[PDB]
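To begin, one chain is listed below as structure tokens, in the form deposited in one PDB entry.
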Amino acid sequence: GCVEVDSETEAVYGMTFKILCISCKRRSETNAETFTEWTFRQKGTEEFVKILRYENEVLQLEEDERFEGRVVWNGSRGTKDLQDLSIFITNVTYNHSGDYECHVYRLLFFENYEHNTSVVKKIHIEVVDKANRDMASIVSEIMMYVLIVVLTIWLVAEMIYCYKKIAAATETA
């Protein structure tokens, strides 16, 4: 079907990244014609300037230098019903690090009733020189090792306790 996933906030300088924005339909069966806009403000700016627009087949870009020859489309490939809105940014730099707004405008078709819906997805990114592992992953790995070692200690302690018991008991005969 379709699932909405929050994009990763931490990008990497010099490497590539994929900003995600999935606007799943309420009903999957409804035929629709979808297009969208992507408007970004840099860290230190207070606005939302248009940078990317996606329409039926080919996307158009504003002539900002921060994304010229630098962003490509990785949404749904040529289905006229997007339901998946991701910008693939190549050779990520500092000049795109801030807040994106993802305005998905969906013209839902029906029996005879045309609807013109708009949904905004505000995503936050922060370019970083080093791709440090997320707090959840590091805590999870550390707790995995803690659990393994604690259970090993528990079992060796139980074995030694039973060894002491059997040494005290079976030595009679």
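By rigid core we mean the largest C-alpha set that fits within 1.5 Å across both forms. Numbering starts at 1 and runs along the sequence shown.
The protein also exists as the form deposited in another entry; that form is not presented, and the subsequent description refers to it.
When both forms sit on the same rigid core, the CA shifts between the shown form and the other one reach 2 angstroms or more only at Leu61 out of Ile123, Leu61, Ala32, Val127.
A movement of the C-alpha atom of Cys162 reaching 2 angstroms or beyond is seen between the shown form and the other one when the two forms are aligned on their rigid core. One change in that other deposited form concerns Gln60 and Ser76, whose Cα atoms lie at least 3 Å closer than in this form. Relative to this conformation, an increase of 3 Å or more in the Cα-Cα distance between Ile123 and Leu59 is found in that other deposited form.
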